[PDB]
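A single chain, nothing else alongside it, follows as structure tokens in the form deposited in one PDB entry.
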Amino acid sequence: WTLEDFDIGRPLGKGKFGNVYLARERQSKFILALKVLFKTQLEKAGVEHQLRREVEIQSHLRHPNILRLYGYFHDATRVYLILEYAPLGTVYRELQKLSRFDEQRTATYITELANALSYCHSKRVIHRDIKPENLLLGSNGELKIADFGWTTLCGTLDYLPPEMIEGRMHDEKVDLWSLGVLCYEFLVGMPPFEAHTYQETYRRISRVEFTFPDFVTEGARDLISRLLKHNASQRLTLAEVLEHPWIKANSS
């Protein structure tokens, strides 16, 4: 592929995903999204080799709940990612529209998330920040993970390994917590620990301090509570999420 193979259209995502444009392959008329990375920025971050490893892996994967990387190319000053276009926008936008999701829509999204996250773990696909703004919606309204772009909270910079500075610390156990947070936010309309200040949000997470509105049913409460465990080893596994009674009863 070359730049000249594409007509470049309107920018996508208001810069939240970097320089991304709606695009069309000129000969086939196929609609896709093209992400433009500047080599000077990649070089200054030291991420060229890590990016190569990741896109190599992604370009060989297919899964209905992971945003697809069709391929990639480069020129003298840029690297170009050829991405699946998700026509229905982000889950964030949908939640903004509806205020909150019903039990069917939520259980279906959680199944799809669990399936995507399982597949990422088995195929060693790095993902970085699971939240509604990073979740896209396909033609049939199926959820697609898109969280691939990239003193500290991990300690002092000079002493930190590449996996910390490259955002590669979301392992299976971390993801279980994320899934609990997402299940709550889908049903309620806001994540469980949200507060006006960062300090207060910090406090609430550490204390695992949250409340369920009355409209949240017993089954949904059981799921969420079993995911949001302070002790990582105690969290309900992805396999166990897929077999949870509430998930079985409600997922499309």
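So that there is no doubt, residue numbering starts at 1 and follows the sequence shown. If you superpose the two forms and keep the largest set of C-alpha atoms that fall within 1.5 Å, you have the rigid core.
Query raised in the report: Taking the other compared PDB entries with both flanking residues modelled, is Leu176 unmodelled in at least a third?
Result: No, modelled in all of them.
Requested in this report: Check whether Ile110 goes without coordinates in at least a third of the other compared PDB entries of this protein that model residues on both sides of it.
Outcome: No, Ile110 is modelled in every one of the other compared entries that cover both of its flanks.
Query raised in the report: Counting only residues of the deposited sequence, how many between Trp150 and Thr151 have no atoms in the entry (none, 1 to 3, 4 to 9, 10 or more)?
Result: Gap size class: 4 to 9 residues without coordinates, per the record.
Query raised in the report: Comparing 176-184 with 116-124, which has the greater mean CA B-factor as deposited?
Result: Higher mean C-alpha B-factor in the PDB entry: 116-124.
**Report entry** Given 40-48 and 208-216, the range whose Cα B-factors average higher in the PDB entry
**Finding:** It is 208-216 that shows the higher mean C-alpha B-factor.
Report task. Among the candidates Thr77, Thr108, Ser139, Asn134, give the one with the maximum CA B-factor reported in the record. Result -> Of the candidates given, the C-alpha B-factor peaks at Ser139.
**Report entry** Within-chain third of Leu61 by Cα B-factor, per the entry
**Finding:** Highest third.
Query - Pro161 CA temperature factor, ranked by third within the chain - result: According to the entry, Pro161 has a C-alpha B-factor in the chain's lowest third.
Query raised in the report: Is the Cα B-factor recorded for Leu12 in the lowest, middle or highest third of its chain?
Result: Bottom third by C-alpha B-factor.
Query raised in the report: Where does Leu227 sit by CA temperature factor within its chain: lowest, middle or highest third?
Result: Tercile = lowest for this residue's CA B-factor.
**Report entry** For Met190, the third of its chain into which the C-alpha B factor falls
**Finding:** CA B-factor rank for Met190: highest third.
Separately, the form deposited in another entry exists; it is not shown, and the next lines address it.
Query - Only residue that shifts (Cα, 2 Å or more, rigid core superposed) between the shown form and the other one, among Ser206, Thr40, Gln199, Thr211 - result: Only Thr40 moves by 2 Å or more at its C-alpha.
Report task. Superpose on the rigid core, then tell me if the C-alpha of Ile82 is displaced by 2 angstroms or more between the shown form and the other one. Result -> Yes, because once the rigid core is superposed, the C-alpha of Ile82 moves 2 Å or more between the shown form and the other one.
Query raised in the report: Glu142: CA shift of at least 2 Å between the shown form and the other one after core fit?
Result: No, its C-alpha moves less than 2 Å.
**Report entry** Cα displacement of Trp177 between the shown form and the other one reaching 2 Å, rigid core superposed
**Finding:** Comparing the forms between the shown form and the other one, which are aligned on their rigid core, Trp177 does not shift its C-alpha by 2 Å or more.
**Report entry** Distance direction in the other form for the C-alpha atoms of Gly167 and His230, relative to the displayed form (3 angstroms or more)
**Finding:** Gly167 and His230 sit closer together in the other form.
Requested in this report: Note whether the distance between the C-alpha atoms of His170 and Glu185 decreases (closer) or increases (farther) in the other form, against the displayed form; the change is 3 Å or more.
Outcome: Note: Cα gap between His170 and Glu185 widens in the other form.
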